[PDB]
Amino acid sequence: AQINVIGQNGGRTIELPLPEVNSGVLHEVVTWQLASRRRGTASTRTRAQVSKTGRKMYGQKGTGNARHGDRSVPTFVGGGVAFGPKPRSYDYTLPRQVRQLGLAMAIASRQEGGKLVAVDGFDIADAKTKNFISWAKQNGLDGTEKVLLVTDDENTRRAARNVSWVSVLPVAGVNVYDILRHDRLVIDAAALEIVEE
Amino acid sequence: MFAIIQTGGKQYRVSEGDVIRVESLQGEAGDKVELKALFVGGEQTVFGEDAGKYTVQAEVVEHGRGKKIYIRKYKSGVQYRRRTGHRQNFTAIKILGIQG
Amino acid sequence: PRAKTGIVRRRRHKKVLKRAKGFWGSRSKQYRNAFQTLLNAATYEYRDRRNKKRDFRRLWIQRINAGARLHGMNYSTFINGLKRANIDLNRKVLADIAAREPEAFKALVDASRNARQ
RNA sequence: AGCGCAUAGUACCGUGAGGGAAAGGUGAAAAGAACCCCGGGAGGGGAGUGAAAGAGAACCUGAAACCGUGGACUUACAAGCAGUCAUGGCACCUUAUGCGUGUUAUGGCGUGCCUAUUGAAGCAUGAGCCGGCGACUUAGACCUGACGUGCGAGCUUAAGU
RNA sequence: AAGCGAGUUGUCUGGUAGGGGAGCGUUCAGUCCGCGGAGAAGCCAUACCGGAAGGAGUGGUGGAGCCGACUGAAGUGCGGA
């Protein structure tokens, strides 16, 4: 059993229980991603006297219902509104348990997703990205999906940055941030593969 | 020669004048089916006696589909606060109908 | 954040301005005598197609009262003549029909008139 | 709108330190325009310019109280701010189908909304209109509690890599 | 694979402080194969449907984009202070 390319062809390692499906209790890893990594700023308004001006006023009780006495209300056009969005630094922790399995749950029915074992490229020489990526044609992988990327090299794993095409950021480990992004999940590094470690 | 009668309610003159009707539970959805029971009105050629022996012979009507609906929103309320609203889900078939 | 609804609140006023009927002056594009006159068109308008029976009720109680008095007639103290046939039941609408054939009470007079003894 | 400044905190308010505007936008590009008219000129003609000049030399599209005219229809002898329906009444027939569209003498009668009010329909008050602002929320192991989930022996701060 | 009811009987009352509960849509963000030159988005009007709010049929005009379903966020909505 088990399909593969570049190297050999086999498989029996597993870990990760994964019954039928019933997955998706990882939505708090869809805002934490932008909380343990996010720049709050807003329009910035909470000050009740950002204006900083004089005091006293006209005849608060005369003429035509003054309703004066300085300017401390969100009425006069040209100021703020008092109280509101202050910088904020995003304070959430996200349970540290569900992570090395919640990911496995993202393989519930995503199992169909392409996955295997490999090492960059063997039918090539050094590095120059051309017919190396073009090798990804021995399976229709050059304009049919999205391609997941991981590897363990940082010397030849940076030559594919686009706006709508592929993504790339590697650290040689796992990341929910990139587990559906590229439809066929393909880690494989012979250095930091599916290891539960 | 003309037509009056009951069922559903009373809103007639039609003998071929074509007017929208009401509905029925089961037995709908399908061009024509025919339905009848007893009668009440008649007139006829100077012979509309009552609504008692308004049976005897039967006169087979038609029954169309269900005809869209005069959709609206509704609104009411006086000096306070604003709430409520509940659509008219009526069907209103057509029923060709034909004298007998 | 942000919204700027300095254009969306147009169709709102109009979605109700549907009733820009012949009111007064120019109460069809007013912006006063519209969303107010609408609140005026917001009364028994709700029940202005049912309660109306009371209005058209003021019809058959002049005709059904005593039309062809050349018989006997009474209507009121005669309704006990109506529901005195085999299967009377029905009543109005058939009054609206009574506006057609005058022979709606020929042999339908003394066929309830003395239908007592 | 956003700091008041998207080239002004101009002029200034003024008794004094001290308070201040409002305001942006033509298309890529002005090519922001010779040539006869009324007229003092402003403003308006021809005609190129203009891919497109119902952009238009105080200029995108351009909704609106007020405001500009006519027209199919009704109206001063009929009475109530307004109403909805109600037979008629002139018009139209984006499907002859005695069926409707733009409507009115008149009839039942019928008194507004907001909204602090026991309480009204009020003369109880708020309201000429247009355009926006339109508020119990934001950080806080501040706490209790519904649901989904983590576990039954349970859950983590400070940042160090 | 997120729960749903005809068949039927009483309740389905009207509701002011309130309880459980559905949404129309705009701005921010996901996936954008996308939708638009016959030109959409800006807007003006036509009797389909919707529990109301509103979603629909087409031109008009207008000039370059714009929103969608599953989703969370936002100074989310009185003409009326």
# chains A, B, ... in the order shown; residues from 1 in each chain; ligands from 1
>>> interface_residues(of="chain D", to="chain B", cutoff="12 Å", atoms="only C-alpha atoms (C1' of nucleotides)", output="PDB file with C-alpha atoms (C1' of nucleotides), in the first residue's frame")
ATOM      1  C1'   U D  97     -60.709  39.002 -22.261  1.00  0.00           C
ATOM      2  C1'   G D  98     -68.056  44.983 -19.704  1.00  0.00           C
ATOM      3  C1'   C D  99     -61.379  43.549 -16.766  1.00  0.00           C
ATOM      4  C1'   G D 112     -52.019  64.385  14.746  1.00  0.00           C
ATOM      5  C1'   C D 113     -46.415  61.798  16.199  1.00  0.00           C
ATOM      6  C1'   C D 114     -42.774  62.215  19.722  1.00  0.00           C
ATOM      7  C1'   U D 115     -43.127  61.216  24.427  1.00  0.00           C
ATOM      8  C1'   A D 121     -56.992  63.199  21.094  1.00  0.00           C
TER       9        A D 121
END
>>> closest_atom_pairs(of="chain D", to="chain C", cutoff="6 Å", atoms="only C-alpha atoms (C1' of nucleotides)", output="Markdown table")
| residue | atom | partner | partner_atom | distance |
| --- | --- | --- | --- | --- |
| D:83 | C1' | C:40 | CA | 5.8 |
| D:84 | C1' | C:45 | CA | 5.0 |
| D:85 | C1' | C:48 | CA | 5.8 |
>>> write_last_selection(atoms="N, CA, C and O atoms (P, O5', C5', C4', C3', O3' and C1' of nucleotides)", output="PDB file, in the first residue's frame")
ATOM      1  P     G D  83     -56.082  62.747   3.669  1.00  0.00           P
ATOM      2  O5'   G D  83     -56.086  61.242   4.177  1.00  0.00           O
ATOM      3  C5'   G D  83     -54.990  60.727   4.913  1.00  0.00           C
ATOM      4  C4'   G D  83     -55.481  59.744   5.926  1.00  0.00           C
ATOM      5  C3'   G D  83     -56.344  58.681   5.327  1.00  0.00           C
ATOM      6  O3'   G D  83     -55.515  57.610   4.903  1.00  0.00           O
ATOM      7  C1'   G D  83     -57.461  59.614   7.192  1.00  0.00           C
ATOM      8  P     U D  84     -55.197  57.434   3.337  1.00  0.00           P
ATOM      9  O5'   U D  84     -55.816  56.017   2.958  1.00  0.00           O
ATOM     10  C5'   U D  84     -55.516  54.846   3.710  1.00  0.00           C
ATOM     11  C4'   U D  84     -56.793  54.098   4.013  1.00  0.00           C
ATOM     12  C3'   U D  84     -57.716  53.893   2.824  1.00  0.00           C
ATOM     13  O3'   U D  84     -57.342  52.769   2.038  1.00  0.00           O
ATOM     14  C1'   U D  84     -58.965  54.686   4.674  1.00  0.00           C
ATOM     15  P     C D  85     -57.573  52.800   0.453  1.00  0.00           P
ATOM     16  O5'   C D  85     -59.098  52.377   0.300  1.00  0.00           O
ATOM     17  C5'   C D  85     -59.509  51.049   0.596  1.00  0.00           C
ATOM     18  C4'   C D  85     -60.965  51.022   0.979  1.00  0.00           C
ATOM     19  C3'   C D  85     -61.964  51.412  -0.095  1.00  0.00           C
ATOM     20  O3'   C D  85     -62.261  50.339  -0.972  1.00  0.00           O
ATOM     21  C1'   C D  85     -62.530  52.475   1.944  1.00  0.00           C
TER      22        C D  85
END
>>> interface_residues(of="chain C", to="chain E", cutoff="6 Å", atoms="only C-alpha atoms (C1' of nucleotides)", output="list in words")
residues 1, 2 and 3 of chain C
>>> write_last_selection(atoms="N, CA and C atoms", output="mmCIF file, in the first residue's frame")
data_model
loop_
_atom_site.group_PDB
_atom_site.id
_atom_site.type_symbol
_atom_site.label_atom_id
_atom_site.label_comp_id
_atom_site.auth_asym_id
_atom_site.auth_seq_id
_atom_site.Cartn_x
_atom_site.Cartn_y
_atom_site.Cartn_z
ATOM 1 N N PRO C 1 -14.619 48.871 11.536
ATOM 2 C CA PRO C 1 -15.425 50.036 11.951
ATOM 3 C C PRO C 1 -15.902 50.846 10.752
ATOM 4 N N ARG C 2 -16.491 52.004 11.038
ATOM 5 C CA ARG C 2 -17.015 52.925 10.032
ATOM 6 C C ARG C 2 -18.210 52.399 9.245
ATOM 7 N N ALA C 3 -18.995 53.323 8.695
ATOM 8 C CA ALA C 3 -20.187 52.958 7.932
ATOM 9 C C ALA C 3 -20.613 54.023 6.926
#
>>> residues_around(residues="residue C:61", least_positions_apart="6", cutoff="10 Å", atoms="only C-alpha atoms (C1' of nucleotides)", output="ChimeraX atom specification")
/C:67,75-76,95
>>> atom_distance(atom1="atom CA of residue B:92", atom2="atom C1' of residue E:7")
22.8 Å
>>> interface_residues(of="chain C", to="chain B", cutoff="8 Å", atoms="only C-alpha atoms", output="ChimeraX atom specification")
/C:42-43,46,86-88,90,93,101,103-104,108
>>> interface_residues(of="chain A", to="chain D", cutoff="10 Å", atoms="only C-alpha atoms (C1' of nucleotides)", output="short mmCIF file (atom, residue, chain, number, x, y, z; two decimals) with N, CA, C and O atoms, in the first residue's frame")
data_model
loop_
_atom_site.label_atom_id
_atom_site.label_comp_id
_atom_site.auth_asym_id
_atom_site.auth_seq_id
_atom_site.Cartn_x
_atom_site.Cartn_y
_atom_site.Cartn_z
N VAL A 25 -13.09 22.16 16.39
CA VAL A 25 -13.21 22.74 17.72
C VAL A 25 -11.90 23.50 17.81
O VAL A 25 -11.26 23.60 18.85
N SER A 43 -8.98 53.42 15.18
CA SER A 43 -9.04 54.83 14.83
C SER A 43 -8.54 55.62 16.04
O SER A 43 -8.32 56.83 15.97
N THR A 46 -10.86 57.41 22.75
CA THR A 46 -11.38 56.97 24.06
C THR A 46 -11.28 58.15 25.00
O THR A 46 -11.93 58.18 26.05
N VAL A 50 -9.75 64.93 24.38
CA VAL A 50 -8.61 64.89 23.48
C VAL A 50 -8.35 66.30 22.95
O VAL A 50 -7.20 66.69 22.73
N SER A 51 -9.42 67.06 22.76
CA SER A 51 -9.35 68.42 22.24
C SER A 51 -8.39 69.34 22.99
O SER A 51 -7.58 70.04 22.36
N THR A 53 -8.74 72.32 25.36
CA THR A 53 -9.03 73.72 25.06
C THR A 53 -9.44 74.47 26.32
O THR A 53 -9.33 73.94 27.43
N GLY A 54 -9.90 75.71 26.16
CA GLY A 54 -10.30 76.49 27.31
C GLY A 54 -11.46 75.94 28.10
O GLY A 54 -11.96 74.85 27.83
N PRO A 74 -20.14 64.76 22.39
CA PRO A 74 -20.01 64.30 21.01
C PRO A 74 -21.05 65.01 20.14
O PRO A 74 -21.74 64.38 19.35
N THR A 75 -21.15 66.32 20.32
CA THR A 75 -22.10 67.14 19.59
C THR A 75 -21.37 68.03 18.59
O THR A 75 -21.47 67.84 17.38
N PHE A 76 -20.65 69.02 19.10
CA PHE A 76 -19.92 69.93 18.24
C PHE A 76 -19.05 69.14 17.28
O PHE A 76 -18.28 68.27 17.68
N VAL A 77 -19.18 69.48 16.01
CA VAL A 77 -18.43 68.82 14.95
C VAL A 77 -16.99 69.34 14.90
O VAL A 77 -16.74 70.54 14.78
N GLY A 78 -16.04 68.42 15.02
CA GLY A 78 -14.63 68.80 14.98
C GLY A 78 -13.79 68.21 16.10
O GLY A 78 -12.65 68.64 16.31
N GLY A 79 -14.34 67.23 16.81
CA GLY A 79 -13.63 66.60 17.90
C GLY A 79 -13.73 65.09 17.95
O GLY A 79 -13.59 64.42 16.93
N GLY A 80 -13.97 64.55 19.14
CA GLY A 80 -14.10 63.11 19.30
C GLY A 80 -15.46 62.75 19.84
O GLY A 80 -16.45 63.44 19.57
N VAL A 81 -15.53 61.67 20.61
CA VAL A 81 -16.79 61.22 21.19
C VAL A 81 -16.64 60.72 22.61
O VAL A 81 -17.63 60.31 23.23
N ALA A 82 -15.43 60.72 23.14
CA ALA A 82 -15.18 60.25 24.50
C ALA A 82 -15.47 58.76 24.64
O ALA A 82 -16.57 58.30 24.33
N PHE A 83 -14.48 58.02 25.13
CA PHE A 83 -14.58 56.58 25.32
C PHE A 83 -14.71 55.83 23.99
O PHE A 83 -15.41 56.24 23.08
N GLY A 84 -13.98 54.71 23.90
CA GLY A 84 -13.99 53.91 22.69
C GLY A 84 -12.77 53.02 22.52
O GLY A 84 -12.18 52.61 23.51
N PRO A 85 -12.37 52.72 21.28
CA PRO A 85 -11.21 51.87 20.95
C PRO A 85 -9.81 52.33 21.35
O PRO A 85 -9.17 53.13 20.66
N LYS A 86 -9.31 51.81 22.47
CA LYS A 86 -7.97 52.14 22.93
C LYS A 86 -7.06 51.04 22.36
O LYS A 86 -7.40 49.87 22.44
N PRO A 87 -5.90 51.42 21.81
CA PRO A 87 -4.92 50.50 21.22
C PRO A 87 -5.26 49.00 21.20
O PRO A 87 -5.45 48.42 20.13
N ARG A 88 -5.30 48.39 22.38
CA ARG A 88 -5.58 46.96 22.59
C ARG A 88 -4.39 46.11 22.16
O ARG A 88 -3.74 46.40 21.15
N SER A 89 -4.09 45.06 22.93
CA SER A 89 -2.96 44.19 22.62
C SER A 89 -3.32 42.72 22.40
O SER A 89 -2.43 41.87 22.31
N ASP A 91 -5.49 39.81 24.16
CA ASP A 91 -5.23 38.93 25.29
C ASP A 91 -6.02 37.63 25.37
O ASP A 91 -7.06 37.56 26.03
N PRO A 95 -6.06 27.05 24.66
CA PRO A 95 -5.59 25.86 25.36
C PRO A 95 -4.38 25.23 24.68
O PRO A 95 -4.37 25.05 23.46
N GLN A 97 -3.33 22.19 25.00
CA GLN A 97 -3.50 20.76 24.78
C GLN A 97 -3.87 20.54 23.32
O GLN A 97 -3.07 20.06 22.53
N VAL A 98 -5.10 20.91 22.97
CA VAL A 98 -5.59 20.76 21.60
C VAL A 98 -4.71 21.54 20.63
O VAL A 98 -4.83 22.77 20.51
#
>>> residues_around(residues="residue A:92", least_positions_apart="2", cutoff="7 Å", atoms="only C-alpha atoms (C1' of nucleotides)", output="ChimeraX atom specification")
/A:32,35,90,94
>>> write_last_selection(atoms="N, CA, C and O atoms", output="PDB file, in the first residue's frame")
ATOM      1  N   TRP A  32      -6.559  33.696  17.143  1.00  0.00           N
ATOM      2  CA  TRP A  32      -5.415  33.671  18.039  1.00  0.00           C
ATOM      3  C   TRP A  32      -4.229  33.871  17.115  1.00  0.00           C
ATOM      4  O   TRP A  32      -3.209  34.442  17.506  1.00  0.00           O
ATOM      5  N   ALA A  35      -3.525  37.298  17.299  1.00  0.00           N
ATOM      6  CA  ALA A  35      -3.698  37.689  18.696  1.00  0.00           C
ATOM      7  C   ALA A  35      -2.405  37.437  19.459  1.00  0.00           C
ATOM      8  O   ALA A  35      -2.103  38.098  20.455  1.00  0.00           O
ATOM      9  N   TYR A  90      -4.617  42.423  22.315  1.00  0.00           N
ATOM     10  CA  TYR A  90      -5.089  41.051  22.115  1.00  0.00           C
ATOM     11  C   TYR A  90      -4.606  40.092  23.201  1.00  0.00           C
ATOM     12  O   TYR A  90      -3.467  39.629  23.174  1.00  0.00           O
ATOM     13  N   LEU A  94      -5.515  30.417  24.350  1.00  0.00           N
ATOM     14  CA  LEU A  94      -5.778  29.223  23.549  1.00  0.00           C
ATOM     15  C   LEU A  94      -5.197  28.007  24.271  1.00  0.00           C
ATOM     16  O   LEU A  94      -3.994  27.926  24.496  1.00  0.00           O
TER      17      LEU A  94
END
>>> atom_distance(atom1="atom CA of residue A:188", atom2="atom CA of residue A:116")
6.4 Å
>>> select_by_dssp(residues="chain C", states="alpha helix (DSSP H)", output="PyMOL selection string")
chain C and resi 11-16+63-66+79-82
>>> closest_residue(among="D:103, D:87, D:78, D:45", to="residue C:59", atoms="only C-alpha atoms (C1' of nucleotides)")
D:87
>>> closest_atom_pairs(of="chain B", to="chain E", cutoff="10 Å", atoms="only C-alpha atoms (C1' of nucleotides)", output="JSON lines")
{"residue": "B:68", "atom": "CA", "partner": "E:48", "partner_atom": "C1'", "distance": 8.0}
{"residue": "B:69", "atom": "CA", "partner": "E:49", "partner_atom": "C1'", "distance": 8.5}
{"residue": "B:70", "atom": "CA", "partner": "E:47", "partner_atom": "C1'", "distance": 8.0}
{"residue": "B:71", "atom": "CA", "partner": "E:49", "partner_atom": "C1'", "distance": 7.2}
{"residue": "B:72", "atom": "CA", "partner": "E:50", "partner_atom": "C1'", "distance": 8.4}
{"residue": "B:73", "atom": "CA", "partner": "E:52", "partner_atom": "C1'", "distance": 5.9}
{"residue": "B:74", "atom": "CA", "partner": "E:52", "partner_atom": "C1'", "distance": 7.5}
{"residue": "B:75", "atom": "CA", "partner": "E:52", "partner_atom": "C1'", "distance": 8.2}
{"residue": "B:80", "atom": "CA", "partner": "E:16", "partner_atom": "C1'", "distance": 9.1}
{"residue": "B:81", "atom": "CA", "partner": "E:16", "partner_atom": "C1'", "distance": 9.6}
{"residue": "B:83", "atom": "CA", "partner": "E:52", "partner_atom": "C1'", "distance": 8.3}
{"residue": "B:84", "atom": "CA", "partner": "E:52", "partner_atom": "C1'", "distance": 6.4}
{"residue": "B:85", "atom": "CA", "partner": "E:52", "partner_atom": "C1'", "distance": 4.2}
{"residue": "B:86", "atom": "CA", "partner": "E:51", "partner_atom": "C1'", "distance": 3.7}
{"residue": "B:87", "atom": "CA", "partner": "E:51", "partner_atom": "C1'", "distance": 5.2}
{"residue": "B:88", "atom": "CA", "partner": "E:51", "partner_atom": "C1'", "distance": 8.7}
{"residue": "B:89", "atom": "CA", "partner": "E:50", "partner_atom": "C1'", "distance": 9.4}
>>> write_last_selection(atoms="N, CA, C and O atoms", output="CSV table (one decimal), in the first residue's frame")
chain,number,residue,atom,x,y,z
B,68,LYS,N,-50.2,32.5,-7.2
B,68,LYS,CA,-49.4,33.6,-6.6
B,68,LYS,C,-50.1,34.2,-5.3
B,68,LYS,O,-50.9,33.5,-4.7
B,69,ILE,N,-49.8,35.4,-5.0
B,69,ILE,CA,-50.5,36.1,-3.9
B,69,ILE,C,-50.2,37.6,-3.8
B,69,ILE,O,-49.1,38.0,-4.2
B,70,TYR,N,-51.2,38.3,-3.4
B,70,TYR,CA,-51.1,39.8,-3.3
B,70,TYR,C,-50.3,40.1,-2.0
B,70,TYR,O,-50.9,40.5,-1.0
B,71,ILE,N,-49.0,39.9,-2.1
B,71,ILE,CA,-48.1,40.2,-1.0
B,71,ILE,C,-48.0,41.6,-0.4
B,71,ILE,O,-47.9,42.6,-1.2
B,72,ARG,N,-47.9,41.7,0.9
B,72,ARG,CA,-47.8,42.9,1.6
B,72,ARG,C,-47.0,42.7,2.9
B,72,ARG,O,-46.5,41.6,3.2
B,73,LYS,N,-46.9,43.8,3.7
B,73,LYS,CA,-46.2,43.8,5.0
B,73,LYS,C,-47.0,44.0,6.3
B,73,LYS,O,-46.8,43.3,7.3
B,74,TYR,N,-48.0,45.0,6.3
B,74,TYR,CA,-48.9,45.3,7.3
B,74,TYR,C,-48.2,46.2,8.4
B,74,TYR,O,-47.0,46.0,8.6
B,75,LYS,N,-49.0,47.1,9.0
B,75,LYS,CA,-48.4,48.0,10.0
B,75,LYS,C,-49.5,48.7,10.8
B,75,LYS,O,-50.6,49.1,10.3
B,80,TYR,N,-45.8,55.4,20.9
B,80,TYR,CA,-45.1,54.6,21.9
B,80,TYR,C,-43.8,54.0,21.4
B,80,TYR,O,-42.8,54.7,21.4
B,81,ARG,N,-43.9,52.8,21.0
B,81,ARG,CA,-42.8,52.0,20.5
B,81,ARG,C,-43.4,51.1,19.3
B,81,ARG,O,-44.5,50.8,19.3
B,83,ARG,N,-43.1,47.7,16.9
B,83,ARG,CA,-42.8,46.2,16.8
B,83,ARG,C,-43.8,45.6,15.8
B,83,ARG,O,-44.5,46.2,15.0
B,84,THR,N,-43.9,44.2,15.9
B,84,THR,CA,-44.7,43.3,15.1
B,84,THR,C,-44.8,43.4,13.6
B,84,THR,O,-44.6,44.4,12.9
B,85,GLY,N,-45.3,42.2,13.0
B,85,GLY,CA,-45.4,42.1,11.6
B,85,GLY,C,-45.6,40.6,11.2
B,85,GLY,O,-44.8,39.8,11.7
B,86,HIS,N,-46.6,40.3,10.4
B,86,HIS,CA,-46.8,38.9,10.0
B,86,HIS,C,-47.6,38.6,8.7
B,86,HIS,O,-48.8,38.4,8.7
B,87,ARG,N,-46.8,38.4,7.7
B,87,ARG,CA,-47.3,38.1,6.3
B,87,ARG,C,-48.5,37.3,6.0
B,87,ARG,O,-48.9,36.4,6.8
B,88,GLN,N,-49.2,37.6,4.9
B,88,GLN,CA,-50.4,36.9,4.4
B,88,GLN,C,-50.0,35.7,3.5
B,88,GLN,O,-49.8,35.9,2.3
B,89,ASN,N,-49.9,34.5,4.1
B,89,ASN,CA,-49.5,33.4,3.3
B,89,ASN,C,-50.5,32.7,2.3
B,89,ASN,O,-50.2,31.6,1.8
>>> residues_around(residues="residue D:59", least_positions_apart="6", cutoff="12 Å", atoms="only C-alpha atoms (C1' of nucleotides)", output="ChimeraX atom specification")
/D:25-27,32,53
>>> write_last_selection(atoms="N, CA and C atoms (P, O5', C5', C4', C3', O3' and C1' of nucleotides)", output="PDB file, in the first residue's frame")
ATOM      1  P     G D  25     -11.718  71.834  -5.151  1.00  0.00           P
ATOM      2  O5'   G D  25     -11.654  70.325  -5.667  1.00  0.00           O
ATOM      3  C5'   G D  25     -10.411  69.726  -6.027  1.00  0.00           C
ATOM      4  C4'   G D  25     -10.645  68.387  -6.691  1.00  0.00           C
ATOM      5  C3'   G D  25     -11.763  68.332  -7.728  1.00  0.00           C
ATOM      6  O3'   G D  25     -11.291  68.782  -8.996  1.00  0.00           O
ATOM      7  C1'   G D  25     -11.819  66.393  -6.350  1.00  0.00           C
ATOM      8  P     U D  26     -12.335  69.194 -10.144  1.00  0.00           P
ATOM      9  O5'   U D  26     -12.652  67.832 -10.903  1.00  0.00           O
ATOM     10  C5'   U D  26     -13.840  67.680 -11.666  1.00  0.00           C
ATOM     11  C4'   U D  26     -13.499  67.490 -13.127  1.00  0.00           C
ATOM     12  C3'   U D  26     -12.565  66.331 -13.407  1.00  0.00           C
ATOM     13  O3'   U D  26     -13.276  65.114 -13.587  1.00  0.00           O
ATOM     14  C1'   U D  26     -11.778  68.282 -14.507  1.00  0.00           C
ATOM     15  P     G D  27     -12.573  63.723 -13.200  1.00  0.00           P
ATOM     16  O5'   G D  27     -11.817  63.295 -14.536  1.00  0.00           O
ATOM     17  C5'   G D  27     -12.456  62.460 -15.497  1.00  0.00           C
ATOM     18  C4'   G D  27     -11.678  62.452 -16.790  1.00  0.00           C
ATOM     19  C3'   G D  27     -10.283  61.878 -16.719  1.00  0.00           C
ATOM     20  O3'   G D  27     -10.324  60.463 -16.797  1.00  0.00           O
ATOM     21  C1'   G D  27     -10.232  63.908 -17.926  1.00  0.00           C
ATOM     22  P     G D  32      -6.598  75.307 -25.206  1.00  0.00           P
ATOM     23  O5'   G D  32      -5.975  75.810 -23.830  1.00  0.00           O
ATOM     24  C5'   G D  32      -6.213  75.103 -22.614  1.00  0.00           C
ATOM     25  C4'   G D  32      -7.571  75.463 -22.071  1.00  0.00           C
ATOM     26  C3'   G D  32      -7.810  76.936 -21.822  1.00  0.00           C
ATOM     27  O3'   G D  32      -8.182  77.571 -23.038  1.00  0.00           O
ATOM     28  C1'   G D  32      -8.761  75.594 -20.097  1.00  0.00           C
ATOM     29  P     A D  53     -18.520  64.608 -26.363  1.00  0.00           P
ATOM     30  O5'   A D  53     -17.820  65.433 -25.190  1.00  0.00           O
ATOM     31  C5'   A D  53     -18.110  65.170 -23.821  1.00  0.00           C
ATOM     32  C4'   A D  53     -18.209  66.466 -23.051  1.00  0.00           C
ATOM     33  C3'   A D  53     -19.260  67.447 -23.557  1.00  0.00           C
ATOM     34  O3'   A D  53     -20.495  67.186 -22.893  1.00  0.00           O
ATOM     35  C1'   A D  53     -17.223  68.564 -22.992  1.00  0.00           C
TER      36        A D  53
END
>>> atom_distance(atom1="atom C1' of residue D:145", atom2="atom CA of residue A:24")
25.8 Å
>>> closest_residue(among="A:151, A:60, A:164, A:9", to="chain E", atoms="only C-alpha atoms (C1' of nucleotides)")
A:164
>>> closest_atom_pairs(of="chain E", to="chain A", cutoff="12 Å", atoms="only C-alpha atoms (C1' of nucleotides)", output="JSON lines")
{"residue": "E:1", "atom": "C1'", "partner": "A:22", "partner_atom": "CA", "distance": 9.3}
{"residue": "E:2", "atom": "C1'", "partner": "A:22", "partner_atom": "CA", "distance": 12.0}
{"residue": "E:28", "atom": "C1'", "partner": "A:42", "partner_atom": "CA", "distance": 11.3}
{"residue": "E:29", "atom": "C1'", "partner": "A:31", "partner_atom": "CA", "distance": 10.6}
{"residue": "E:30", "atom": "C1'", "partner": "A:30", "partner_atom": "CA", "distance": 9.9}
{"residue": "E:31", "atom": "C1'", "partner": "A:181", "partner_atom": "CA", "distance": 9.1}
{"residue": "E:32", "atom": "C1'", "partner": "A:164", "partner_atom": "CA", "distance": 9.4}
{"residue": "E:33", "atom": "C1'", "partner": "A:144", "partner_atom": "CA", "distance": 11.2}
{"residue": "E:71", "atom": "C1'", "partner": "A:27", "partner_atom": "CA", "distance": 10.0}
{"residue": "E:72", "atom": "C1'", "partner": "A:31", "partner_atom": "CA", "distance": 8.6}
{"residue": "E:73", "atom": "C1'", "partner": "A:31", "partner_atom": "CA", "distance": 10.2}
{"residue": "E:74", "atom": "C1'", "partner": "A:42", "partner_atom": "CA", "distance": 10.7}
{"residue": "E:75", "atom": "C1'", "partner": "A:84", "partner_atom": "CA", "distance": 8.2}
{"residue": "E:81", "atom": "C1'", "partner": "A:75", "partner_atom": "CA", "distance": 10.1}
>>> residues_around(residues="residue E:39", least_positions_apart="5", cutoff="12 Å", atoms="only C-alpha atoms (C1' of nucleotides)", output="number ranges by chain")
E: 62-65
>>> residues_around(residues="residue C:72", least_positions_apart="3", cutoff="10 Å", atoms="only C-alpha atoms (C1' of nucleotides)", output="PDB file with N, CA and C atoms, in the first residue's frame")
ATOM      1  N   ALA C  66     -88.328  46.590   2.550  1.00  0.00           N
ATOM      2  CA  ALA C  66     -89.673  46.454   2.005  1.00  0.00           C
ATOM      3  C   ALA C  66     -89.697  46.959   0.570  1.00  0.00           C
ATOM      4  N   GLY C  67     -89.162  46.152  -0.339  1.00  0.00           N
ATOM      5  CA  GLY C  67     -89.127  46.530  -1.743  1.00  0.00           C
ATOM      6  C   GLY C  67     -90.499  46.527  -2.379  1.00  0.00           C
ATOM      7  N   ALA C  68     -90.952  45.345  -2.792  1.00  0.00           N
ATOM      8  CA  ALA C  68     -92.256  45.210  -3.423  1.00  0.00           C
ATOM      9  C   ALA C  68     -93.349  45.054  -2.372  1.00  0.00           C
ATOM     10  N   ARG C  69     -93.689  46.154  -1.708  1.00  0.00           N
ATOM     11  CA  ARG C  69     -94.710  46.130  -0.669  1.00  0.00           C
ATOM     12  C   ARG C  69     -96.055  45.647  -1.210  1.00  0.00           C
ATOM     13  N   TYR C  75     -89.590  42.238   6.204  1.00  0.00           N
ATOM     14  CA  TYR C  75     -88.155  42.031   6.392  1.00  0.00           C
ATOM     15  C   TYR C  75     -87.868  41.635   7.842  1.00  0.00           C
ATOM     16  N   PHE C  78     -90.097  39.210   9.516  1.00  0.00           N
ATOM     17  CA  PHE C  78     -90.351  38.441   8.309  1.00  0.00           C
ATOM     18  C   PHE C  78     -89.194  37.476   8.091  1.00  0.00           C
ATOM     19  N   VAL C 109     -92.921  34.034  -1.665  1.00  0.00           N
ATOM     20  CA  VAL C 109     -93.619  35.049  -0.890  1.00  0.00           C
ATOM     21  C   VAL C 109     -94.437  34.163   0.039  1.00  0.00           C
ATOM     22  N   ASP C 110     -95.605  33.791  -0.465  1.00  0.00           N
ATOM     23  CA  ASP C 110     -96.618  32.957   0.176  1.00  0.00           C
ATOM     24  C   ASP C 110     -96.115  31.560  -0.146  1.00  0.00           C
ATOM     25  N   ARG C 113     -94.764  33.058   3.706  1.00  0.00           N
ATOM     26  CA  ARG C 113     -95.678  34.048   4.262  1.00  0.00           C
ATOM     27  C   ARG C 113     -96.498  33.450   5.398  1.00  0.00           C
TER      28      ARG C 113
END
